[PDB]
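In the form deposited in one PDB entry, a lone chain appears below as structure tokens.
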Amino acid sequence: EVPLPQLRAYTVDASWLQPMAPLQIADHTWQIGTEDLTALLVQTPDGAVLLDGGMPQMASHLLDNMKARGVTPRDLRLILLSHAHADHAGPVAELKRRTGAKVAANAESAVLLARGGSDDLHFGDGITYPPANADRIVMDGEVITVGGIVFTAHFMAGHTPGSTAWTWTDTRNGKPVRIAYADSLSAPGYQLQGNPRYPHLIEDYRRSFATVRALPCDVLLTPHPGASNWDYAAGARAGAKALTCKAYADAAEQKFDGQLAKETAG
């Protein structure tokens, strides 16, 4: 009579999967992902750091762009994550197999990564990806140093329990540039109020808005570039319209408050 449905892969907008050549953000920091998914390469004299990798099928493209930058597989030392959803941590397992890279993440992100995004608090098994293990667990405010670039973790739970902003100082034109890679603050299709799987969701989002507002932030980047008004396809003006961290937090909070009101009405 009626068979059970076939499994459905989550399909994304084509721009999320559109390869781009490396785009320089600061002296050591490059966008090497796709037009609409951030994957940041930070290059140091002592090896490279990758912050996010995008979707699972982006692994080979990332390695190609690393090679274009002078980074061989052995040179990739560290993978950091904004959060462990399939569209940001998708290729981590494959990257670990193909490079020297080790993963550092907080406990919440580590457990979600280790189950490949399955049993998501909001999406169930709808967006799974290959599981990976974290090599180092980080705590809030902990620093990790690679070739003299210091990365600081700032927990900003909400979009996932383990959502993290990463900050570091690079240079540009001889002057320091405080880069803030702030995580998503969206809640796409989430039940916000009275969620049995995330009872303090609203409190965590409100704290996370405050955390983002206060980040050291000359340049804001986000996992989805549109969230911070980056346009990676716009070349020399890709970052011209980027939001401040304050503006990003304010916009996210206004959207969140609207969603809460609609949820109450729905």
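All residue numbers refer to positions in the sequence shown, first residue = 1. Superpose the two forms; the largest set of C-alphas matching within 1.5 Å is the rigid core. Only residues modelled in both forms are compared.
Keep in mind the form deposited in another entry is missing from the figure; the text below concerns it.
Among the candidates 242, 247, 20, 12, displacement between the shown form and the other one reaches 2 angstroms at the C-alpha for one position only, 12 (superposition on the rigid core).
In comparison with the shown form, the Cα-Cα distance of residue 6 and residue 94 decreases by at least 3 angstroms in that other deposited form. A change of 3 Å or more separates the two forms for residue 57 and residue 6: their C-alpha atoms lie closer together in that other deposited form. After superposition on the rigid core, residues whose Cα atoms move by 2 Å or more in a run of at least three fall only at 1-16 between the shown form and the other one.
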